[PDB]
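Colleague: Just one file: coords.cif, with mmCIF, C-alpha atoms.
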```cif
data_query
#
loop_
_atom_site.group_PDB
_atom_site.id
_atom_site.type_symbol
_atom_site.label_atom_id
_atom_site.label_comp_id
_atom_site.auth_asym_id
_atom_site.auth_seq_id
_atom_site.Cartn_x
_atom_site.Cartn_y
_atom_site.Cartn_z
ATOM 1 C CA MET A 1 -73.176 131.098 94.259
ATOM 2 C CA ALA A 2 -72.417 134.816 93.703
ATOM 3 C CA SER A 3 -75.098 137.446 94.577
ATOM 4 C CA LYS A 4 -76.186 137.557 90.874
ATOM 5 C CA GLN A 5 -79.952 137.345 91.552
ATOM 6 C CA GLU A 6 -79.696 140.063 94.263
ATOM 7 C CA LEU A 7 -77.795 142.287 91.777
ATOM 8 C CA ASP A 8 -80.432 141.506 89.083
ATOM 9 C CA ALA A 9 -83.272 142.329 91.527
ATOM 10 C CA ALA A 10 -81.574 145.636 92.462
ATOM 11 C CA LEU A 11 -81.080 146.289 88.689
ATOM 12 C CA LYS A 12 -84.801 145.613 88.099
ATOM 13 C CA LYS A 13 -85.646 148.041 90.938
ATOM 14 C CA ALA A 14 -83.162 150.589 89.468
ATOM 15 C CA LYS A 15 -85.024 150.429 86.108
ATOM 16 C CA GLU A 16 -88.355 150.718 87.988
ATOM 17 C CA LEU A 17 -87.079 153.757 89.979
ATOM 18 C CA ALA A 18 -85.591 155.298 86.780
ATOM 19 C CA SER A 19 -89.078 154.995 85.153
ATOM 20 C CA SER A 20 -91.276 155.995 88.168
ATOM 21 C CA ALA A 21 -91.246 159.667 86.937
ATOM 22 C CA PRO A 22 -90.320 161.448 83.629
ATOM 23 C CA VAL A 23 -87.038 162.545 85.341
ATOM 24 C CA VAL A 24 -85.243 160.773 88.217
ATOM 25 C CA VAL A 25 -82.251 161.935 90.306
ATOM 26 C CA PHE A 26 -80.394 159.122 92.066
ATOM 27 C CA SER A 27 -78.502 161.037 94.776
ATOM 28 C CA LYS A 28 -77.254 161.018 98.410
ATOM 29 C CA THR A 29 -78.397 162.871 101.542
ATOM 30 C CA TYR A 30 -75.705 165.621 101.747
ATOM 31 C CA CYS A 31 -73.549 166.020 98.589
ATOM 32 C CA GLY A 32 -73.235 169.563 97.199
ATOM 33 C CA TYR A 33 -73.419 168.040 93.684
ATOM 34 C CA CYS A 34 -76.791 166.388 94.504
ATOM 35 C CA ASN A 35 -78.031 169.774 95.792
ATOM 36 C CA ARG A 36 -76.642 171.444 92.614
ATOM 37 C CA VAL A 37 -78.521 169.028 90.303
ATOM 38 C CA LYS A 38 -81.780 169.435 92.286
ATOM 39 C CA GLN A 39 -81.454 173.246 91.946
ATOM 40 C CA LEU A 40 -80.418 172.949 88.227
ATOM 41 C CA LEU A 41 -83.607 171.010 87.365
ATOM 42 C CA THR A 42 -85.776 173.178 89.672
ATOM 43 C CA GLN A 43 -84.599 176.430 88.005
ATOM 44 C CA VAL A 44 -85.564 175.310 84.463
ATOM 45 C CA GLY A 45 -88.947 174.215 85.967
ATOM 46 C CA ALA A 46 -88.574 170.404 85.684
ATOM 47 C CA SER A 47 -90.618 167.817 87.601
ATOM 48 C CA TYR A 48 -88.390 165.008 88.917
ATOM 49 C CA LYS A 49 -88.196 162.150 91.447
ATOM 50 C CA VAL A 50 -85.263 162.044 93.904
ATOM 51 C CA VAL A 51 -83.775 158.733 95.112
ATOM 52 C CA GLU A 52 -81.316 159.357 97.975
ATOM 53 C CA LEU A 53 -79.319 156.065 97.926
ATOM 54 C CA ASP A 54 -77.870 156.824 101.408
ATOM 55 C CA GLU A 55 -81.456 156.610 102.818
ATOM 56 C CA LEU A 56 -83.204 154.134 100.432
ATOM 57 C CA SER A 57 -83.736 150.789 102.247
ATOM 58 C CA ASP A 58 -81.371 148.857 99.865
ATOM 59 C CA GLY A 59 -79.583 151.930 98.441
ATOM 60 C CA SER A 60 -76.020 150.487 98.610
ATOM 61 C CA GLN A 61 -76.940 147.467 96.436
ATOM 62 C CA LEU A 62 -79.081 149.828 94.299
ATOM 63 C CA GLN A 63 -75.963 151.998 93.672
ATOM 64 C CA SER A 64 -73.995 148.783 92.968
ATOM 65 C CA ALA A 65 -76.650 147.836 90.358
ATOM 66 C CA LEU A 66 -76.371 151.419 88.994
ATOM 67 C CA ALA A 67 -72.590 150.920 88.573
ATOM 68 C CA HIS A 68 -73.158 147.507 86.909
ATOM 69 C CA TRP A 69 -75.819 149.025 84.591
ATOM 70 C CA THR A 70 -74.123 152.311 83.596
ATOM 71 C CA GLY A 71 -70.397 151.465 83.923
ATOM 72 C CA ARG A 72 -70.312 154.694 86.039
ATOM 73 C CA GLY A 73 -72.626 154.521 89.120
ATOM 74 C CA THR A 74 -71.652 158.035 90.365
ATOM 75 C CA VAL A 75 -74.036 160.251 92.384
ATOM 76 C CA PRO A 76 -75.975 162.314 91.533
ATOM 77 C CA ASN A 77 -77.118 160.293 88.484
ATOM 78 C CA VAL A 78 -79.888 161.710 86.284
ATOM 79 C CA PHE A 79 -82.287 159.837 84.014
ATOM 80 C CA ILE A 80 -84.992 161.241 81.706
ATOM 81 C CA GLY A 81 -87.671 159.057 80.048
ATOM 82 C CA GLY A 82 -86.087 155.914 81.610
ATOM 83 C CA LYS A 83 -82.642 156.551 79.954
ATOM 84 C CA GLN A 84 -79.435 157.701 81.704
ATOM 85 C CA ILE A 85 -78.249 161.218 80.796
ATOM 86 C CA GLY A 86 -75.229 161.250 83.178
ATOM 87 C CA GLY A 87 -74.043 162.749 86.483
ATOM 88 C CA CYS A 88 -73.799 166.323 87.842
ATOM 89 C CA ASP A 89 -71.127 167.498 85.375
ATOM 90 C CA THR A 90 -73.081 165.958 82.467
ATOM 91 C CA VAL A 91 -76.369 167.763 83.296
ATOM 92 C CA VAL A 92 -74.556 171.077 84.024
ATOM 93 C CA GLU A 93 -72.716 170.798 80.648
ATOM 94 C CA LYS A 94 -75.944 169.940 78.766
ATOM 95 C CA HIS A 95 -77.710 172.837 80.568
ATOM 96 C CA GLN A 96 -74.906 175.225 79.448
ATOM 97 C CA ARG A 97 -75.301 173.907 75.834
ATOM 98 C CA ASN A 98 -79.106 174.526 76.200
ATOM 99 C CA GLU A 99 -79.349 170.809 75.336
ATOM 100 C CA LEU A 100 -80.760 169.433 78.637
ATOM 101 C CA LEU A 101 -83.758 171.807 78.417
ATOM 102 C CA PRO A 102 -85.021 170.498 74.987
ATOM 103 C CA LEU A 103 -84.812 166.916 76.392
ATOM 104 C CA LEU A 104 -86.724 167.898 79.575
ATOM 105 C CA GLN A 105 -89.268 169.611 77.261
ATOM 106 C CA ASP A 106 -89.469 166.435 75.106
ATOM 107 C CA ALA A 107 -90.235 164.452 78.298
ATOM 108 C CA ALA A 108 -92.767 167.272 79.162
ATOM 109 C CA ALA A 109 -90.943 167.328 82.542
ATOM 110 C CA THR A 110 -90.754 171.137 82.466
ATOM 111 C CA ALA A 111 -94.287 171.908 83.736
ATOM 112 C CA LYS A 112 -94.121 175.094 81.565
ATOM 113 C CA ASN A 113 -94.766 172.848 78.497
ATOM 114 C CA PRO A 114 -97.071 169.801 79.005
ATOM 115 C CA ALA A 115 -97.498 169.598 75.158
ATOM 116 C CA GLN A 116 -93.843 168.356 74.743
ATOM 117 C CA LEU A 117 -91.008 170.087 72.798
#
```
Render the structure in this file as structure tokens.

Modeller:
Amino acid sequence: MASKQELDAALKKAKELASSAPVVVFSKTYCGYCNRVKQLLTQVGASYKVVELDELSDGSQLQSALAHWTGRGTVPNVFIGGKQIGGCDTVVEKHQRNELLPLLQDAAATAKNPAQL
């Protein structure tokens, strides 16, 4: 039998992780892009979980479930309100469009606005 139930369990934990905070940043321990996304969200004033898949106890299979789930599985990988937004380039582009910030506000993730967008 293939590892289907292990992949499904990692997928279930990926959904759990993706929903454990209003914003979640699947990442790795050293990448400049992971640092960039952390600083991007910090500067607007967001509140976000970080999930360093190089250090998470099952992080390799968790990233494999991420790839299965998203058809992408890159790092960093950003979710808001339990839905994927995209990777580093996606959040930087949506920040430049002033399009990420309204969605962070809608999630009330920006602590500046607890009343939502």

Colleague: Quick one: of A:78, A:109, A:117, A:21, who's nearest to residue 37 (chain A), counting only C-alpha atoms?

Modeller: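 Ranked by minimum distance to residue 37 (chain A), first place goes to A:78.
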
Colleague: In Å, with one decimal, what is the gap from CA of residue 47 (chain A) to CA of residue 7 (chain A)?

Modeller: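 Computing the Euclidean distance for CA of residue 47 (chain A) and CA of residue 7 (chain A) yields 28.9 Å.
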
Colleague: May I have the residues within 12 Å of residue 115 (chain A) as a list in words, using all atoms listed in the file and disregarding those fewer than 5 positions away in the same chain?

Modeller: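 Residues meeting the cut-off are residues 104, 105, 106, 107, 108, 109 and 110 of chain A.
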
Colleague: Let me see the file: selected residues, C-alpha atoms, as a short mmCIF file (atom, residue, chain, number, x, y, z; two decimals), keeping the file's coordinate frame.

Modeller:
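Just written: part.cif:
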```cif
data_model
loop_
_atom_site.label_atom_id
_atom_site.label_comp_id
_atom_site.auth_asym_id
_atom_site.auth_seq_id
_atom_site.Cartn_x
_atom_site.Cartn_y
_atom_site.Cartn_z
CA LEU A 104 -86.72 167.90 79.58
CA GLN A 105 -89.27 169.61 77.26
CA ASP A 106 -89.47 166.44 75.11
CA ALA A 107 -90.24 164.45 78.30
CA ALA A 108 -92.77 167.27 79.16
CA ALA A 109 -90.94 167.33 82.54
CA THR A 110 -90.75 171.14 82.47
#
```

Colleague: Mind telling me what the PyMOL selection byres ((chain A and resi 88-100) around 8) catches here, as a list in words?

Modeller: residues 33, 34, 36, 37, 40, 75, 76, 77, 78, 85, 86, 87, 101, 102, 103 and 104 of chain A

Colleague: Find, counting all atoms listed in the file, the residue in A:38, A:72, A:4, A:28 that gets nearest to residue 52 (chain A).

Modeller: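 Counting all atoms listed in the file, the residue closest to residue 52 (chain A) is A:28.
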
Colleague: Interatomic distance between CA of residue 39 (chain A) and CA of residue 25 (chain A)?

Modeller: 11.5 Å

Colleague: Rounded to one decimal place, report the CA of residue 80 (chain A)-CA of residue 22 (chain A) distance in Å.

Modeller: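 Those two atoms sit 5.7 Å apart.
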
Colleague: Return the padded bounding box of region 67-86 of chain A as JSON: axis-aligned, built from all atoms listed in the file, 4 Å added on each side, with centre and edge lengths in Å to one decimal.

Modeller:
```
{"center_x": -79.0, "center_y": 154.9, "center_z": 86.2, "size_x": 25.4, "size_y": 22.8, "size_z": 20.4}
```

Colleague: Could you spell out the hits of the PyMOL selection byres ((chain A and resi 29) around 10) on the shown file, as a list in words?

Modeller: residues 27, 28, 30, 31, 32, 34, 35, 51, 52, 53, 54 and 55 of chain A

Colleague: For residue 70 (chain A), which residue out of A:2, A:14, A:9, A:24 is the nearest one, using all atoms listed in the file?

Modeller: A:14

Colleague: Measuring between all atoms listed in the file, which one of A:59, A:45, A:81, A:73 shows the shortest distance to residue 10 (chain A)?

Modeller: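 Counting all atoms listed in the file, the residue closest to residue 10 (chain A) is A:59.
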
Colleague: Which of these residues is nearest to residue 69 (chain A), using all atoms listed in the file: A:5, A:19, A:57, A:12?

Modeller: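 That would be A:12, the residue with the smallest distance to residue 69 (chain A).
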
Colleague: For residue 13 (chain A), which residue out of A:114, A:71, A:61, A:79 is the nearest one, using only C-alpha atoms?

Modeller: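 Closest to residue 13 (chain A) of all the choices is A:61.
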
Colleague: Generate the coordinates of N, CA and C atoms for region 39-54 of chain A; report them as an mmCIF file, keeping the file's coordinate frame.

Modeller:
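See part03.cif below for the written result:
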```cif
data_model
loop_
_atom_site.group_PDB
_atom_site.id
_atom_site.type_symbol
_atom_site.label_atom_id
_atom_site.label_comp_id
_atom_site.auth_asym_id
_atom_site.auth_seq_id
_atom_site.Cartn_x
_atom_site.Cartn_y
_atom_site.Cartn_z
ATOM 1 N N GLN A 39 -81.230 171.843 92.283
ATOM 2 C CA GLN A 39 -81.454 173.246 91.946
ATOM 3 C C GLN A 39 -81.411 173.486 90.431
ATOM 4 N N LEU A 40 -80.547 172.800 89.679
ATOM 5 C CA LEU A 40 -80.418 172.949 88.227
ATOM 6 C C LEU A 40 -81.754 172.628 87.556
ATOM 7 N N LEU A 41 -82.339 171.481 87.913
ATOM 8 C CA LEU A 41 -83.607 171.010 87.365
ATOM 9 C C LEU A 41 -84.767 171.882 87.854
ATOM 10 N N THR A 42 -84.744 172.305 89.120
ATOM 11 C CA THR A 42 -85.776 173.178 89.672
ATOM 12 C C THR A 42 -85.819 174.507 88.909
ATOM 13 N N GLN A 43 -84.659 175.102 88.608
ATOM 14 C CA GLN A 43 -84.599 176.430 88.005
ATOM 15 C C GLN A 43 -85.195 176.437 86.596
ATOM 16 N N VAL A 44 -84.946 175.399 85.787
ATOM 17 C CA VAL A 44 -85.564 175.310 84.463
ATOM 18 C C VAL A 44 -87.068 175.014 84.565
ATOM 19 N N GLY A 45 -87.535 174.456 85.688
ATOM 20 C CA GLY A 45 -88.947 174.215 85.967
ATOM 21 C C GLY A 45 -89.328 172.746 85.787
ATOM 22 N N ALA A 46 -88.350 171.832 85.837
ATOM 23 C CA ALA A 46 -88.574 170.404 85.684
ATOM 24 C C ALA A 46 -89.392 169.845 86.854
ATOM 25 N N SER A 47 -89.885 168.630 86.645
ATOM 26 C CA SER A 47 -90.618 167.817 87.601
ATOM 27 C C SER A 47 -89.852 166.499 87.638
ATOM 28 N N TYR A 48 -89.325 166.118 88.802
ATOM 29 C CA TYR A 48 -88.390 165.008 88.917
ATOM 30 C C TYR A 48 -88.547 164.290 90.257
ATOM 31 N N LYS A 49 -88.311 162.975 90.246
ATOM 32 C CA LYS A 49 -88.196 162.150 91.447
ATOM 33 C C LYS A 49 -86.765 162.267 91.964
ATOM 34 N N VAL A 50 -86.567 162.035 93.256
ATOM 35 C CA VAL A 50 -85.263 162.044 93.904
ATOM 36 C C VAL A 50 -85.162 160.719 94.656
ATOM 37 N N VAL A 51 -83.992 160.082 94.611
ATOM 38 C CA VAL A 51 -83.775 158.733 95.112
ATOM 39 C C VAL A 51 -82.442 158.764 95.865
ATOM 40 N N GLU A 52 -82.490 159.196 97.126
ATOM 41 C CA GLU A 52 -81.316 159.357 97.975
ATOM 42 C C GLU A 52 -80.837 157.967 98.418
ATOM 43 N N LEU A 53 -79.827 157.425 97.737
ATOM 44 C CA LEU A 53 -79.319 156.065 97.926
ATOM 45 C C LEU A 53 -78.595 155.870 99.264
ATOM 46 N N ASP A 54 -78.350 156.937 100.027
ATOM 47 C CA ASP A 54 -77.870 156.824 101.408
ATOM 48 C C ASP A 54 -79.021 156.472 102.368
#
```
